[PDB]
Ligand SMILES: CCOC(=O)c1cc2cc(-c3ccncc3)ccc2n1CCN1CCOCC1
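In the block that follows, a single chain appears as structure tokens, in the form deposited without the ligand.
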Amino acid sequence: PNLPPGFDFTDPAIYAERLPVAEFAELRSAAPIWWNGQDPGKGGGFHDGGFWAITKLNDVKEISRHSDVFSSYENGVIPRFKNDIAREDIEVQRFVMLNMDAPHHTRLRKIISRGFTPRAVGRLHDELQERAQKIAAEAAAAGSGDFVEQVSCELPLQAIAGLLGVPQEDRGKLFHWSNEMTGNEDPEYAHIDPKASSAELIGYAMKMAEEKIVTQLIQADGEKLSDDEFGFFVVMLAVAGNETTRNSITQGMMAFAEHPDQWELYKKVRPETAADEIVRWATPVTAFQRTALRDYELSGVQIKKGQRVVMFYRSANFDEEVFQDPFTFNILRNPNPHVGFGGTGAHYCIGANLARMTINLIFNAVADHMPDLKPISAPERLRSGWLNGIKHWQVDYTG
């Protein structure tokens, strides 16, 4: 493929500035499964010499479905940390369900699925809609500001707090820990320590279990989460369901500002198709990886036992063989078989309906209170090699 020597699709220096859209398009055309070599000390915490870049939607789905072959536990699923991270700090992530394999993952998922019943999520609709409306009214009344802080940030956090029934007076400390919990190497956040925030949030959650959906997870059906598993579950919601939904809201609004005919259509009919096109477009998790437990032949390439494969959701969601005109933002897109919530399989996002509900509620509120919003200056991207984040974006709410 026509790529620079040494190019690495997980390099945080690229994502601080842009998504490498042209370079993914070139792999899909010229080398859809391609070995991305990494030199010593430049592998983002891994020392194995590189990984297979997976760029096509069917391959991402095949890997996700074959979790008997493609492990989440062996190396975790995050494909890039700071280059000098200790291997013990990657391995400690194995205590969240995202980084486990069957049978351990199968037991936790079954218990945690108590939290994500359709009924549990739907119960949160009326409070999240009242919060959404108020957030948008507050932003309109401020006139201009940072849309990430004023519109995107609070409602995903209040969704987790309402799911967990956290008392009001404890939400400010909960939200502070949760916004320090996912790792990045951005200079704006160089003074955060996700390790203290993780310890502190696990201790808060364990005290909450001891005092008792929390009661349904920690009450024996004799199966239940232990008190420490409930802590690890609250840590996992902080990393899985906070910045991801926040970034789907910012990048959905960036797409509406760049495609004004789609925002006019959305304001009229608020279509059911919009939330999934916002997630496809935003692809807030750019990639997650697996490790092969045995040799496996994937679309003609011989993947070998122990090698990593990195699923680039950001490429697969723009796969020209699967989406008609994938570079067109189309809020009526149908069909829409995107992998923004992962490939279907054992670890498919358990929060997907809660995220869709959060997205729908906030965009309805923005349409109702700020229909003529316009950007003031360019979004500031986050320096991460796997999370596609926007730190700040200045907009004029009144237009």
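In this text, rigid core is short for the largest set of C-alphas that superpose within 1.5 Å between two forms. Residues that one form lacks are left out of the comparison. Position 1 is the first residue in the sequence shown; the rest follow in order.
The segment from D221 to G222 is interrupted, since 1 to 3 residues of the deposited sequence in that interval carry no coordinates. Missing coordinates between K212 and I213 amount to 4 to 9 residues of the deposited sequence.
As the entry records it, the average C-alpha temperature factor is higher for 292 to 300, out of 292 to 300 and 305 to 313.
Between the stretches 73 to 81 and 97 to 105, it is 97 to 105 that shows the larger average CA temperature factor.
Between the residues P156, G252, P284, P326, it is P326 that shows the highest Cα B-factor in the PDB record. Set against one another, the Cα B-factors of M236, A257, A275, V121 in the record reach their highest point at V121. For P187, the recorded CA temperature factor ranks within the lowest third of the chain's modelled residues. The entry lists a Cα temperature factor for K110 that places it in the highest third of the chain's modelled residues. Placement of the Cα temperature factor of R65 within the chain: highest third of the modelled residues, per the deposited record.
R171 sits in the highest third of its chain by CA B factor, as recorded in the PDB entry. In the deposited entry, the Cα temperature factor of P337 places it in the middle third of its chain's modelled residues.
There is another form of this protein, the form deposited with the ligand bound, and it is not shown here; the text below is about that form.
The putative spot formed by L98, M181 and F288 is fully lined by the ligand in the entry with it bound; each residue has a non-hydrogen atom within 4.5 angstroms of it.
Picking from 301 to 309, 78 to 86, 143 to 151, 167 to 175 the stretch near the ligand in the entry with it bound, with a 4.5 Å limit on heavy atoms, gives 78 to 86. Of the candidates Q93, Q129, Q251, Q262, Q93 is the one whose heavy atoms come within 4.5 Å of the ligand in the entry with it bound; the others do not.
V239 is the sole member of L217, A255, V239, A292 with a non-hydrogen atom within 4.5 Å of the ligand in the entry with it bound.
For the chain shown alone, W386 is a contact residue for the ligand in the entry with it bound, at least one non-hydrogen atom being within 4.5 angstroms. Proximity of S198 to the ligand in the entry with it bound: non-hydrogen atoms within 4.5 Å are present. Taking the partner from elsewhere, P194 is found to have a heavy atom lying within 4.5 Å of the ligand in the entry with it bound. At the 4.5 Å threshold, heavy atoms of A205 stay clear of the ligand in the entry with it bound, well away from it. Core-superposed comparison between this form and the one not shown: residues with C-alpha shifts of 2 Å or more form a single run of three or more, at 182 to 184.
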